[PDB]
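Protein chains in written order, with the working numbering: chain A, 26 to 75; chain B, 29 to 78; chain C, 35 to 184; chain D, 22 to 491; chain E, 4 to 97. By construction, the Cβ of each residue, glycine as well, lies at the ideal position given by its N, Cα and C atoms. See below for the structure under consideration.
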Ligand SMILES: [Zn+2]
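Take a look at the structure:
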């Protein structure tokens, strides 16, 4: 949502354009087997300990 | 070079304008072909086998 | 030199040399344009910095290569090499006429001998094999010998 | 203190100069005007300066060169030029004859009409250089004649310059002062030849430049003063505005050139802006110079920062694709197909491939691959260029094949076959020439070959060679 | 006997500071431009980090512009773009 506040507050907006869902990137999904496929290949992310 | 010039002259072999880039079976390994895939660039005409 | 996908690859020395050359030329021009002192000084300083980065980088601000974070490898690093201290004649070198594989027992052996895999011995002595082959006359020419063992 | 990085060195070294007061801008620009126009007047007072313009325009109407090289504009068309120039020639021919206390009025005007001409930078510089070179000759003879008295023949410089100034051509100072019965007088009899032979060129320059040595020095000297004033004022102006250059260069930061590089080329830009500016137009110098600096910056950037230089317009044309690539990014789902962009552009639509290919900057040959070791990518680039040994073996043998097989042919068959080709001989010889060296030419020679081949066609002479073709 | 002139066996490597002239010795030309290759025809831009004129021909025994492509013409410097025609190996040396 993009709001443009009318200058000289109280804060209220001249126009707020609420854009529909904007696609930013796709994200990897996890298999029922707990694996990810990057390129045609099952991959695993090892849990980190710190 | 002159040796191959004479050689090609005698045996009438037109030297091809093309070199063999074919994907050969790795030396020493032997098996059965189970599956074949063809990924064609979008816009390039699909060949026969494709 | 070229590469697959039409892309190129090149040493960092080209980036460095390029910088040094460009700045040097800019200095010559600024000399001919009678630029004010502050400018010619700044330029000279920059050139010194560049020449330094070329000879040995890291005694200075540590210049980075084009569109890459990793600091460009200077000439000093070209000499010094890495992996501790060796330059190419110590740590190792790749060598022709060689091979390797898993080892087995062979109790039938005599202390002066070892079992050598057939294919291995073929590939290893390939040059000698060619020679003997066309030495006796079993092969017309070296090409034909190659085709024979092939 | 100095943190060693040249960025701060320059940053502080420049911050030592105060911002120009709005009055000071006009004051400095005024100083500039004074200086320049002074050197211009100094040019106009040189006779050869006018004569050269005439001698060149003679070549212009003679089709021996174009007008665009000799001038750009007057103060203000080939006909208008063809007349206006004749005006210059007129004022020259009038000023030229009065050289007989009257002339002092007209030689003023010759300069004016010469000032009406806006010359080409190359030409103007050629003139200036010519003047100072002439002065270097004048100095050659002056120092030559000077060192033959004080340094060699031992005369005081006090008495030397006494009668020397005001003539330096005639013998009033020389022949009349050798007989003076002074100590340094009778010493001059030995070098009297050399000096007197040297006076020749000295009187000659006066005929060339059309001035007395006296005047000759004065004119271009005053010019030098003017130029000095100009460069001084200009430099003051440039030094004043460096902050602006920095401010602009900060925008172009990661475009592939270092901060200092950007501010430097931009600084050159500011220099140019100080060169071409007129305060009389009332244009704010700040906003005017901003364009010039941003210009030099962009130009330099796109011109150099690539390992593979690309022509100017090309980069722009690439950016134009990088533009429409974004609008269709999330709007199109994934992104516009590689072939759907340039429809939005005006062009054959094929350009996308080539442009998108050559563009991408080469990968550092030192880019470390896996294992983190010294296994850097460059160590993996194989040499295809060098021939494999197994080849040179076969070539070494093919030498023997062709030689052995050429041993079996007749004398003239071997000679003709080796000659027709380049076999073990420099280059080769045209089939017309092969007979020229055999005394027997044309079809005959061309027959012996065609038969020779036949002999080498069948499985006796044709055997050893047959295997060589796989 | 005369000592020697050119390549023979060698011993005793020496190392020392370089002189401007001693540097101008190993140099067969001055690189005046940051340019590398033509961007279209990948041939080297003359007087650049990669140059055939200063350093060496791209392909063996073949001049850049191609006036002399024959193994016959070897010790010849080309008229058009001076590149003497010699093994591309000398591009690793000069
Ligand atoms: Zn050539």
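Does the Cβ of residue i lie closer than 7 angstroms to at least one heavy atom of ligand 1?
{"i": "residue 86 of chain E", "result": "yes"}
{"i": "residue 125 of chain C", "result": "no"}
{"i": "residue 67 of chain E", "result": "yes"}
{"i": "residue 62 of chain E", "result": "no"}
{"i": "residue 75 of chain E", "result": "no"}
{"i": "residue 83 of chain E", "result": "yes"}
{"i": "residue 341 of chain D", "result": "no"}
{"i": "residue 116 of chain C", "result": "no"}
Does any residue of chain E have a CB that is nearer than 8 angstroms to the CB of residue i?
{"i": "residue 340 of chain D", "result": "no"}
{"i": "residue 328 of chain D", "result": "yes"}
{"i": "residue 226 of chain D", "result": "no"}
{"i": "residue 331 of chain D", "result": "yes"}
{"i": "residue 221 of chain D", "result": "no"}
{"i": "residue 112 of chain D", "result": "no"}
{"i": "residue 52 of chain C", "result": "yes"}
{"i": "residue 325 of chain D", "result": "yes"}
In this structure, what does DSSP give as the bridge partners for residue i?
{"i": "residue 311 of chain D", "result": "Answer is none; residue 311 of chain D lacks a bridge partner."}
{"i": "residue 30 of chain A", "result": "A/38"}
{"i": "residue 179 of chain D", "result": "Paired residue(s): none; residue 179 of chain D is not in a bridge."}
{"i": "residue 110 of chain C", "result": "Note: residue 110 of chain C sits in no beta bridge, so no partner."}
{"i": "residue 51 of chain E", "result": "E/36"}
{"i": "residue 43 of chain C", "result": "D/384"}
Between the options, which lies nearest to residue i when the distance is taken from Cα to Cα?
{"i": "residue 46 of chain D", "options": "D/116, D/61, D/260", "result": "D/260"}
{"i": "residue 244 of chain D", "options": "D/488, D/346, D/161, D/61", "result": "D/61"}
{"i": "residue 115 of chain C", "options": "D/394, D/409, D/380", "result": "D/394"}
{"i": "residue 37 of chain C", "options": "D/415, D/405, D/446, D/431", "result": "D/405"}
{"i": "residue 487 of chain D", "options": "B/42, B/38, B/75", "result": "B/38"}
{"i": "residue 93 of chain C", "options": "C/170, C/102, C/107", "result": "C/107"}
{"i": "residue 154 of chain C", "options": "C/60, C/131, C/68, C/61", "result": "C/131"}
{"i": "residue 55 of chain D", "options": "D/282, D/248, D/146", "result": "D/248"}
{"i": "residue 90 of chain D", "options": "D/218, D/111, D/155, D/140", "result": "D/140"}
{"i": "residue 104 of chain C", "options": "D/385, D/400, D/474", "result": "D/385"}
{"i": "residue 354 of chain D", "options": "A/29, A/40, A/49", "result": "A/49"}
{"i": "residue 136 of chain D", "options": "D/67, D/282, D/34", "result": "D/67"}
Does the distance from the C-beta atom of residue i to that of residue j stay below 8 angstroms?
{"i": "residue 74 of chain C", "j": "residue 81 of chain C", "result": "no"}
{"i": "residue 185 of chain D", "j": "residue 171 of chain D", "result": "no"}
{"i": "residue 34 of chain E", "j": "residue 20 of chain E", "result": "no"}
{"i": "residue 109 of chain C", "j": "residue 89 of chain C", "result": "yes"}
{"i": "residue 267 of chain D", "j": "residue 318 of chain D", "result": "no"}
{"i": "residue 339 of chain D", "j": "residue 42 of chain E", "result": "no"}
{"i": "residue 482 of chain D", "j": "residue 426 of chain D", "result": "yes"}
{"i": "residue 52 of chain C", "j": "residue 37 of chain E", "result": "yes"}
{"i": "residue 326 of chain D", "j": "residue 278 of chain D", "result": "yes"}
{"i": "residue 153 of chain D", "j": "residue 241 of chain D", "result": "yes"}
{"i": "residue 44 of chain C", "j": "residue 369 of chain D", "result": "no"}
{"i": "residue 397 of chain D", "j": "residue 408 of chain D", "result": "no"}
{"i": "residue 167 of chain C", "j": "residue 182 of chain C", "result": "yes"}
{"i": "residue 349 of chain D", "j": "residue 357 of chain D", "result": "yes"}
Give a yes or no on whether the minimum CB-CB distance between residue i and chain D is below 8 angstroms.
{"i": "residue 37 of chain E", "result": "yes"}
{"i": "residue 42 of chain E", "result": "yes"}
{"i": "residue 138 of chain C", "result": "no"}
{"i": "residue 75 of chain E", "result": "yes"}
{"i": "residue 49 of chain A", "result": "yes"}
{"i": "residue 123 of chain C", "result": "no"}
{"i": "residue 33 of chain B", "result": "yes"}
{"i": "residue 68 of chain C", "result": "yes"}
{"i": "residue 70 of chain B", "result": "yes"}
Taking Cβ positions only, does residue i come closer than 8 angstroms to chain A?
{"i": "residue 351 of chain D", "result": "yes"}
Using a Cβ-Cβ distance under 8 angstroms, would residue i count as near chain C?
{"i": "residue 34 of chain E", "result": "yes"}
{"i": "residue 446 of chain D", "result": "no"}
{"i": "residue 277 of chain D", "result": "yes"}
{"i": "residue 20 of chain E", "result": "no"}
{"i": "residue 52 of chain E", "result": "yes"}
{"i": "residue 292 of chain D", "result": "yes"}
{"i": "residue 399 of chain D", "result": "yes"}
I want to see whether chain B comes within less than 8 angstroms of residue i, judged by CB atoms only; does it?
{"i": "residue 377 of chain D", "result": "no"}
Following a CB-centred definition, is residue i positioned closer than 7 angstroms to any heavy atom of ligand 3?
{"i": "residue 72 of chain E", "result": "This structure lacks ligand 3; the ligands present are ligand 1."}
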